Each structure stands twice: as C-alpha cells, then as structure tokens.
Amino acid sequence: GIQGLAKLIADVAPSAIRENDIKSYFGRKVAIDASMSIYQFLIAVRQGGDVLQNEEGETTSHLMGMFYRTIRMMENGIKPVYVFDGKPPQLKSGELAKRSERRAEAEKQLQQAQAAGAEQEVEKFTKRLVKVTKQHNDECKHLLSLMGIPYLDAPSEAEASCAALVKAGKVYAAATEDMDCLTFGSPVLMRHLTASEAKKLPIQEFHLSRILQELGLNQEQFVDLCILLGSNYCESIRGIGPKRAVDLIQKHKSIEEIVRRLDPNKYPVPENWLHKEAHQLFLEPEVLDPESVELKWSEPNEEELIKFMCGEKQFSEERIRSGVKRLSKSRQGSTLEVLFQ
C-alpha cells in the first residue's frame, strides 16, 4: 500500500477517478489479487467470530467467498483472472519483520483475552492473526480450476504482475483495493468491483494517465512521490507528508535532488535510505510474462465441484449446483468457444 495515495488523488487529481455502472463492463477482463481476496474472506466470512468450516475442522470461508463472488462477476459478463503472490522481494523483509512483531505481540495478547474470559477481545486478536497459508492458496487454485476460471502464479508481488497484464493489454484493469498497482505502472486500477447485489459503493476506475497529467509528473517522478508518501519497501522522510511531498517532487523532480537541496537539520533523511532500491523495484519489478499463458474461461466441471464443495467441504448441494448452472450459463453468454483455422 501507499500511505494516503487514495486520498491524495481525490484531493489534487479528481479527474483520474471515473465511476461507471456494472452493466457497462459486460465482456471485460480484469486481473484480481487472489491472496488479497482470500485474506478479506478469512476476516469477514465468519459466524459467531469463527470462520466457516466443515465438520473435519477445515476452513471454508475463503472457498465460500471465491465461489460466489466469482460467479457473480461472470453473471455480469466480467471475466476475472486470479493472480497469486509468489516469493516477496527482499526489500519487503523489513516490513515483514515488523509484521512478525505485531503478530507475536498480537499472539501475546490473544491468551490474556481467552484466559480472563474476554468477551469481544478474543475475536479482535483472532482477526489480527489471520494469515493466508499455502493450503488456502492451493484450495482456491483447485476450486478455480474446477470452475474453469484461469489463475496465474506471479514470481513475486501479485500486484506487479497484475499491472504487467494490464500494460500488455491482456486484461482491462487490475481489480484491487491497494493503490500499489498504480505505483507498479498499471494503466487502470478498479475499486469496489465485487459485483455484489448489495451495491453500496460505486465502481471506481483510477487512470494512471490522468494522475500523471493532473500532478504534472512522469512515472519515475510518480514512483518517487509514492516513496515519499510511504511504501512497504523503504522509509520516508519524517515531517514530509502528502502536501510537502507533492511540492518537493514537482519542484525537484527526483528524491536525489530533494536530498541535495534539503536542510539536514530541518528534514534529515533516514540513515542508509533504500529509496533507490525501492525506485528500481516499482519501475522494474519481477513479473510473469503476459505472453506465456493465454487466458481462457472454460466450462466448469459440475460433478467434481459437487464432490469437492459438497461431499468434502459440506456446502449445500442445492446452492452449489445452482451456482455452477448460473456460471455455465453466464460463460456461454459472454465467451466464444474456441475456433480452429
């Protein structure tokens, strides 16, 4: 994530945000950050503070959400490809070590809530410790295969590979809630694309070209601004927030020039600042090759889906069968069968 970027764009670059009705997206392809989607389901899909599960004690909240949300998108003619995280970049090792502290610190506090018979504090440290395991990813990949929905393994950060799929024109936008994708150069970011029937927030498109235009920056200058706002890969400058960062970038263009012209006593920079390495990461990240795999939306395997979701994971057979039928019908409406010449 980029600290405050969403608010900054709304304040100084409003024309980069465009809203459209769900009906206008029939036939459009999008890339989804699968790991983020799983994380959201593990936190939100709960009954009595506990994730859904089968009698064997196996979590099914992530399968619940991925099954029904994916079908809803396809019913609206939206064809998603799910991108799974790979090995994180080394620059993130600092941010991850921090996530270990707040995790061990959150573990340090879950017991005192349970021991003292806490009421609603147990459910808080529970959610705080949610983490997507490789079993979660493998089960979702398994589900998507049976649903006929394509997925991809990113070599590193999924958001970077999503951005690369948009750049190559293999999907229209990266559908996620983190502004990371824009810093990785995604031409289009889409927010609030759940295709739910609730419909509370409007579908928002963030267009990078409009952002660069209203801020008067090129991409490398935009990346330096995001570094000054605050990223996951390096430190920012204390006392430099969104208002001053924009002014400094617009005036000095680069972080290097900002340092040379900054007053060490007023605004000292971090010691051994890795802004140059984070700069290279955002602009030239390790990403999948968009030309390798041709994305295909295939017929779902209904009977295997029943065996897996119902027989093993104990979903309602009526609901799963109904869902598979809706998915097959919606794919037939939005997708052309393969042709040979």
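Numbers follow the displayed sequence, beginning with 1.
Of 139-147 and 258-266, the stretch whose C-alpha atoms average the higher B-factor in the entry: The deposited B-factors put 258-266 ahead on the C-alpha mean.
Comparing 312-320 with 41-49, the one whose average Cα B-factor in the PDB entry is higher: Taking the mean C-alpha B-factor of 41-49 and of 312-320, the larger value falls to 41-49.
C-alpha B-factor winner, where the candidates are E159, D153, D224, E235: Answer for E159, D153, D224, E235: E235, with the highest C-alpha B-factor.
From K167, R210, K79, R103, residue of greatest CA B-factor: Spelled out: the listed residue with the top C-alpha B-factor is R103.
Ranked C-alpha temperature factor of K29 among modelled chain residues, by third: Bottom third by C-alpha B-factor.
Chain-wide C-alpha B factor ranking for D85, given as lowest, middle or highest third: Middle third - that is where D85 ends up once the chain's C-alpha B-factors are sorted.
Ranked C-alpha temperature factor of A16 among modelled chain residues, by third: Its C-alpha B-factor belongs to the middle third of this chain's values.
Cα B factor band for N272 (lowest, middle or highest third within the chain): Highest third.
Assigned third (lowest, middle, highest) for the C-alpha B factor of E299: For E299, whose C-alpha B-factor we compare with every modelled residue in the chain, the answer is the lowest third.
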